[PDB]
Amino acid sequence: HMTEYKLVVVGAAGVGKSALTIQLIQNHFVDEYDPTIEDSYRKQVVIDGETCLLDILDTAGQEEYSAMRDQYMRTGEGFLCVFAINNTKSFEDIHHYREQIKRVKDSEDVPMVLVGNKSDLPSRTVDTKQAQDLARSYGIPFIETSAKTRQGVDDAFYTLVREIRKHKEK
Ligand SMILES: Nc1nc2c(ncn2[C@@H]2O[C@H](COP(=O)(O)OP(=O)(O)O)[C@@H](O)[C@H]2O)c(=O)[nH]1
Ligand SMILES: [Mg+2]
Ligand code: NA
């Protein structure tokens, strides 16, 4: 009685991958989540009249190999590619995350959303138009989030589900 959607959250250390996932699931902002915990979470939610079971991998620790992450990259249906709007380097890093996904899928048409997180912080070094340019180039949506205030968080995830449906029958 539910449709499963396999989602993968990627991006540089410290951008708020865990914070966004935890906010989606618990409606809580977690100040201090272990940067090393990689794991999958489940969320049941009704999106456009369909009862969805989201199966979400919150990735961590790019440095080392991971059997879980390997399985999710190969079989994941969509990707949230996250940078922080006060972390220029994380924005610059998006290129590499996107290339890695393109390679695993042997494809340039992969359901993905570019997410610019920490929108509540005043120290903004990546402008919305830089992000809009980058997403336009990739042919993907751009959404600004705050895992702290929850602004944009459901939007990011609902939009990814919709991009998955645009790509394949579910
Ligand atoms: N102010 C603010 N801080 C955030 C936001 N998202 C995450 N953080 C903080 O940024 C740091 C890294 O978040 P975390 O989720 O562990 O990042 P991860 O390494 O990508 O999983 C933590 O202190 C979080 O409390 C946000 O939207 N706003
Ligand atoms: Mg994390
Ligand atoms: Na959170």
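Sequence positions, counted from 1, serve as the residue numbers for this chain. Heavy atoms only: backbone and side chains are in, while hydrogens, waters and symmetry mates are out. Just so you know, ligand 1 is whichever comes first in the structure, and atom 1 is the first atom listed for that ligand.
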Engineer: Of the non-hydrogen atoms in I143 and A156, which two are nearest, and what is the gap between them?
Structural biologist: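 Taking every non-hydrogen atom into account, CD1-CA, 3.8 Å.
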Engineer: In terms of the angle between their ring planes, are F142 and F83 parallel, tilted or perpendicular, with boundaries placed at 30° and 60°?
Structural biologist: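 Ring orientation of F142 relative to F83: parallel.
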Engineer: Show, in sequence, the C-alpha distance, side-chain angles and deciding distance for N86 and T125, and conclude whether the side chain to side chain donor-acceptor pair (under 3.5 Å) test is met.
Structural biologist: CA-CA 5 Å; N86 72 332; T125 54; over 6 Å; no
Engineer: How far is atom 16 (O) of ligand 1 from the closest protein heavy atom, and which atom is that?
Structural biologist: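 Ranked first by proximity to atom 16 (O) of ligand 1 is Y33 O, 3.8 Å.
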Engineer: Are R42 and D55 ion-paired here, with the side-chain N under 4.0 Å from a carboxylate O?
Structural biologist: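 Salt bridge: yes.
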Engineer: Suppose we measure from atom 3 (N) of ligand 1 to each protein heavy atom; which comes out shortest, and what is that distance?
Structural biologist: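 The closest heavy atom on the protein side is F29 CZ, 3.7 Å.
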Engineer: For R74 versus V104, what's the shortest heavy-atom pair and its separation?
Structural biologist: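 Reported closest heavy-atom pair: CA-CG1, 3.6 Å.
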Engineer: Do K17 and ligand 1 have an N or O pair less than 3.5 Å apart?
Structural biologist: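 Yes.
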Engineer: With a 4.5 Å cut-off on side-chain heavy atoms, are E50 and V46 touching?
Structural biologist: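 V46 vs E50: side chains apart.
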Engineer: Establish, from distance only, whether the side-chain atoms of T149 and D120 form a donor-acceptor pair under 3.5 Å.
Structural biologist: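 Not at all, the side chains of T149 and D120 share no donor-acceptor pair under 3.5 Å.
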Engineer: With backbone taken as N, CA, C and O and side chain as the heavy atoms from C-beta onward, which portion of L20 lies under 4.0 Å from ligand 1: side chain, backbone, both, or neither?
Structural biologist: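 Near ligand 1, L20 shows nothing, with every heavy atom at 4.0 Å or more.
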Engineer: Could you tell me which non-hydrogen atom of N117 sits nearest to which non-hydrogen atom of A147, and how far apart they are?
Structural biologist: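 Nearest pair, atom of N117 first, then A147: OD1-N, 3.2 Å.
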Engineer: Does one side chain, of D109 or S107, offer a donor that lies under 3.5 Å from an acceptor on the other?
Structural biologist: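 There is no such pair (donor and acceptor under 3.5 Å, judged by atom type) between the side chains of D109 and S107.
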Engineer: In plain terms, say whether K148 and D31 are close enough for a salt bridge, that is, a side-chain N and a carboxylate O under 4.0 Å apart.
Structural biologist: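 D31 and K148: not salt-bridged.
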Engineer: What protein heavy atom sits nearest atom 19 (O) of ligand 1, and how far off is it?
Structural biologist: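 For atom 19 (O) of ligand 1, the nearest protein heavy atom comes out as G14 N, 2.9 Å.
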Engineer: Examine ligand 1 and decide if any of its atoms is less than 4.0 Å from a heavy atom belonging to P35.
Structural biologist: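 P35 does not count as a contact of ligand 1 under the 4.0 Å cut-off.
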Engineer: Under 3.5 Å, is there a donor-acceptor pair between the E38 and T59 side chains?
Structural biologist: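 No, because no side-chain N or O of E38 sits under 3.5 Å from a partner of the opposite role on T59.
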Engineer: Does ligand 1 have any atom that is closer than 4.0 Å to a heavy atom of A12?
Structural biologist: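 So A12 counts as touching ligand 1.
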Engineer: Check ligand 1 against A147 and write out every atom of the ligand that is under 4.0 Å from a heavy-atom position of the residue.
Structural biologist: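 Close to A147: 6 (N), 26 (C), 27 (O).
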Engineer: Atom 6 (N) of ligand 1: which protein heavy atom is closest, and how many Å away?
Structural biologist: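 The answer is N117 ND2, 3.1 Å.
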Engineer: Can any side-chain N or O of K102 pair as donor or acceptor with the backbone N or O of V110 at less than 3.5 Å?
Structural biologist: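 Not confirmed, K102 side chain does not pair with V110 backbone.
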Engineer: Looking at atom 1 (N) of ligand 1, what's its closest protein heavy atom, distance included?
Structural biologist: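 Protein heavy atom with the smallest distance to atom 1 (N) of ligand 1: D120 OD2, 3.0 Å.
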Engineer: Mind checking how many protein N/O/S atoms fall short of 3.0 Å from the Na ion (ligand 3)?
Structural biologist: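 Every protein N, O or S atom under 3.0 Å from the Na ion (ligand 3) counted, the figure is 2.
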Engineer: Please confirm whether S119 comes within less than 3.5 Å of ligand 1 when only nitrogen or oxygen atoms on both sides are compared.
Structural biologist: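 Such a contact does not occur with ligand 1.
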Engineer: When you look at CD of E99, are more than 12 heavy atoms from neighbouring residues, nucleotides or ligands closer to it than 6.0 Å?
Structural biologist: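 Yes, the 6.0 Å shell around CD holds more than 12 heavy atoms from other groups.
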Engineer: Quick one: salt bridge (charged side-chain N to carboxylate O under 4.0 Å, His left out) pairs with a partner in residues 5-16, sequence neighbours left out?
Structural biologist: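 Of all non-adjacent pairs touching residues 5-16, none passes salt bridge (charged side-chain N to carboxylate O under 4.0 Å, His left out).
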Engineer: Which residue holds the protein heavy atom closest to atom 10 (O) of ligand 1, what is that atom called, and what is the gap in Å?
Structural biologist: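 Going atom by atom, the protein heavy atom closest to atom 10 (O) of ligand 1 ends up being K118 NZ, 3.1 Å.
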Engineer: Identify the protein heavy atom lying closest to atom 17 (O) of ligand 1, giving its residue, its atom name and the separation to 0.1 Å.
Structural biologist: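 The closest heavy atom on the protein side is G16 N, 3.1 Å.
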Engineer: Under a 4.0 angstrom heavy-atom cut-off, which atoms of ligand 1 come close to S18?
Structural biologist: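 Every atom of ligand 1 under 4.0 Å from some heavy atom of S18: 15 (O), 21 (O).
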Engineer: Please give me the minimum heavy-atom distance between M112 and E163, naming the atom from each residue.
Structural biologist: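 It is O-CG, 4.4 Å.
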Engineer: Establish, yes or no, whether the cationic atom of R98 lies under 6.0 Å from the six-membered ring centre of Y138 and within 45° of the ring axis.
Structural biologist: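 Judged by the rule, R98 and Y138 form a cation-pi pair.
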Engineer: May I ask whether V30 places a heavy atom under 4.0 Å from ligand 1?
Structural biologist: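 The answer is yes: ligand 1 sits under 4.0 Å from a heavy atom of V30.
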Engineer: Hey, which atoms in ligand 1 end up nearer than 4.0 Å to a heavy atom of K148?
Structural biologist: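 With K148 as reference, the close atoms of ligand 1 come out as 1 (N), 26 (C), 27 (O), 28 (N).
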Engineer: In the structure I gave you, are the side-chain heavy atoms of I85 and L121 within less than 4.5 Å of one another anywhere?
Structural biologist: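 No - every pair of side-chain heavy atoms lies 4.5 Å or more apart.
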Engineer: What residues, two or more places apart in sequence or in another chain, satisfy salt bridge (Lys or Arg N to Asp or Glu O under 4.0 Å) together with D93?
Structural biologist: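 Testing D93 for salt bridge (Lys or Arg N to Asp or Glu O under 4.0 Å), a comparison that skips the adjacent residues, returns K89.
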Engineer: Between ligand 1 and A19, is the shortest N or O to N or O distance under 3.5 Å?
Structural biologist: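 Between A19 and ligand 1, an N or O pair is found under 3.5 Å apart.
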Engineer: Main chain of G152, side chain of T145: is a donor-acceptor contact present, judged purely on distance under 3.5 Å?
Structural biologist: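 The answer is no, because no donor-acceptor pair under 3.5 Å joins these two groups.
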Engineer: Closest non-hydrogen protein atom to atom 25 (O) of ligand 1, residue and atom name please, with distance?
Structural biologist: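 Its nearest protein heavy-atom neighbour is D31 O, 2.7 Å.
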Engineer: At a cut-off of 2.8 Å, list the protein N/O/S atoms near the Mg ion (ligand 2), residue plus atom name.
Structural biologist: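 As for protein N, O or S atoms lying under 2.8 Å from the Mg ion (ligand 2), they are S18 OG.
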Engineer: Answer yes or no: does an N/O atom from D58 fall short of 3.5 Å to an N/O atom of ligand 1?
Structural biologist: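 N/O-N/O distance under 3.5 Å: no.
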